Amino acid sequence: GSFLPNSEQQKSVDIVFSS
Amino acid sequence: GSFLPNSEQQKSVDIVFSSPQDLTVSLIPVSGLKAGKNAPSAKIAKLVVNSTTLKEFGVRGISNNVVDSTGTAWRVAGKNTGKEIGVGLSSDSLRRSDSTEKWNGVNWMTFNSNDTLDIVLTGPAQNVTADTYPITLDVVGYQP
Amino acid sequence: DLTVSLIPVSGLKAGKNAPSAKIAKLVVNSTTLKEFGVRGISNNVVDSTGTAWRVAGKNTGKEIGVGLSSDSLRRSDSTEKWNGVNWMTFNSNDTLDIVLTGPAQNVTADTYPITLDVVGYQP
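What the deposited record gives as its method is cryo-EM, and the resolution it gives is 17 Å.

Here it is in C-alpha cells:
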C-alpha cells in the first residue's frame, strides 16, 4: 500500500471539435 | 532428561507482502469529432496503460475546476472563446477501477496498469462549440 | 544433531488476514535425538514460554502478532526447564506451523522478519 513520487507523471493533449 | 547446548541453532526467514510496483504513461486524441449535440458517452481521448503485467496505477483530473474528492471528475475551458465542458473517465472505466487510495490523505482513484481507459463527455449531452479544449491527467504508480 | 528448515507460506494477502492464517512451517528432522525445544526471539516476546511474540513490517515499521498454532501447542510432549528458563518440547521428525496469533489481524502490506532458537532435548 503506497505511492512513488518517482512515478507521479503529468501528461496533456489538445482536443479539437470541428464545425 | 536434559538439553544439549552444542546442538542449539538460531534459524531465520522473512515473510513478504511485497507492496512494490510501477506503470507506463501516454495519451492520444481520436480524430473526427464535430460541434453541436454530441452523443452521451462520446469517446474523445484514450489514456494508454500497459506493461510487464504490472498491477495498479493512480489517476486524477487536472484543471482549474476539479469537482470531486475521490478524483476523476473535472471540467476544462477552451482557448478561443472559453466555454466550459464536462469531461471524465468512462462509466465502464469507473467499474474497471480498483480503489480510491489516500496518498498521505490525498485521494487518488486506482486502476489495473493493463488498459485503454477512455475519456468521455460525462452527463446528459452537451451542445459543444467548434473550439479547442485541452485535457491534463497526473498518473501515479499507486502501490498495492 | 538437528537439521532445521523454516519455510514461508505463499499466496499470503496484504491487510485483513484469516484468523490464525498460516505464515510459516518450521521442520525439524534428526537421526540421533527423539525431541527438540523451541522459542521465538524478537524485541517483544509476550509470554513466559516464548511461543507467542510480535514482529514488524520493514518498509512501514508496524507490528504483527506471531506464534505457534493452537493445534501445534497441543502436540507438545512436556514443558521442561533449562536452568529455570522454560521450553515446550516436541517430537523430532515432525512439522509445526507458525500463524498470525489472535483474531483476523491486519497485515500492513510489508516484509516481516522471523527468528527461532531451536535446541535439542533427550527424555
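Draft legend 1. The pairing of strand 11 (residues 111–121) of chain C, seen in detail. Within strand 11 of chain C, nine of the eleven residues are buried, which leaves the element mostly enclosed by the surrounding structure. Inspection of the sheet shows strand 1 (residues 9–16) of chain B paired to strand 11 of chain C by eight bridges, in the antiparallel sense. Across the sheet, residue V13(B) finds its bridge partner in strand 11 of chain C, namely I114(C). Here strand 4 (residues 35–40) of chain C runs beside strand 11 of chain C; their pairing, made up of six bridges, is antiparallel. Within the sheet, the bridge partner assigned to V38(C) lies in strand 11 of chain C and is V118(C).

Draft legend 2. Broad picture of the sheet that holds strand 3 (residues 22–29) of chain C. Residues and elements named next belong to chain C. Read from one edge to the other, the open sheet built from five strands follows the order 1-3-9-6-5, with strand pairing classed as antiparallel. Strands at the two margins of the open sheet, each flanked by one partner only, are strand 1 (3–8) and strand 5 (52–56). Across this sheet, the average inter-strand angle for adjacent strands is 25 degrees, counted without regard to direction. Here two bridges tie strand 6 (residues 63–68) to strand 9 (residues 94–99), and the two strands are oriented antiparallel to one another. Counterpart to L68 in the pairing with strand 9 is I98.

Draft legend 3. Structural view of the UniProt feature "domain: Saf-pilin pilus formation protein" (unreviewed entry) in chain B. Those residues carrying the UniProt feature "domain: Saf-pilin pilus formation protein" (unreviewed entry) are residues 1–144 of chain B in this numbering. Structurally, residues 1–144 of chain B comprises 4% helix and 48% strand, and the distance from its first C-alpha atom to its last is 51 Å.

Draft legend 4. Inspection of the interface of chain B and chain C at higher detail. With 17 residues of chain B in contact, the opposing surface of chain C contributes 34 residues. Our count for the chain B to chain C interface comes out at one salt bridge. Notably, a salt bridge pairs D14(B) with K58(C), separated by 2.2 Å at the nearest N-O pair. Connecting chain B to chain C are nine residue pairs in polar contact. Of the residues that constitute the side of chain B that touches chain C, the class distribution is seven nonpolar, seven polar and three charged.

Draft legend 5. Fine view of the environment of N38(B). Relative to the helices and strands, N38(B) resides in the loop between strand 3 (36–37) and strand 4 (43–49). Non-local contacts of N38(B), meaning those with residues more than four positions away in its chain, are made with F17(A), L121(B), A125(B), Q126(B) and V128(B).

Draft legend 6. Inspection of the interface of chain B and chain A at higher detail. Counting from both sides, the interface comprises 38 residues of chain B and, opposite them, 18 residues of chain A. Both sides together, the interface formed by chain B and chain A hides about 2500 Å², and carbon and sulfur atoms give 63% of it. Counting the surface chain B buries against chain A, the share from its top three residues, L27(B), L33(B) and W103(B), is 20%. The tally of links between chain B and chain A comes to one salt bridge.

Draft legend 7. Main features of the sheet that holds strand 11 of chain C. Across the sheet, five strands lie side by side as 1(B)-11(C)-4(C)-8(C)-7(C); this open sheet has antiparallel pairing. The sheet terminates laterally at strand 1 of chain B together with strand 7 (79–82) of chain C, the two strands that pair on one side only. Across the sheet, the axes of successive neighbouring strands diverge by a mean angle of 40 degrees, strand direction being ignored. Pairing geometry for strand 7 of chain C and strand 8 (residues 85–91) of chain C, over four bridges, is antiparallel. Its bridge partner being in strand 8 of chain C, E80(C) is matched across the sheet by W87(C).

Draft legend 8. Spatial organisation of the environment of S7(B). Residue and element names in this part refer to chain B. Following the sequence through the fold, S7 ends up in the segment before strand 1. Along the sequence, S7 and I44 sit 37 residues apart, while their C-alpha atoms lie 71 Å from each other. A polar contact is formed between the side chain of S7 and the backbone oxygen of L4, at a distance of 3.1 Å.

Criteria and cut-off values
- Residues numbered from 1 in each chain as written, not as in the entry; some residues may be left out.
- Chains lettered and ligands numbered in written order.
- Heavy atoms only, no water.
- Buried < 20%, exposed > 50% of the residue type's maximum accessible area, 1.4 Å probe, protein only.
- Helix = DSSP H or I, 4+ residues; strand = E, 2+ residues; numbered from the N terminus.
- Pairing = 2+ DSSP bridges.
- Axes fitted to C-alpha atoms, helices over the stretch in contact; angles between N-to-C directions.
- UniProt positions renumbered as here; feature names shortened; annotations may be inferred.
- Contact = heavy atoms within 4.5 Å.
- Salt bridge = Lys/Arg side-chain N within 4 Å of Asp/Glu carboxyl O.
- Polar contact = N/O pair within 3.5 Å; in protein donor to acceptor, adjacent residues only side chain to side chain.
- Nonpolar A, V, L, I, M, F, W, Y, C, P; charged D, E, K, R; others polar.
- Buried area = accessible area lost by both parts, 1.4 Å probe.

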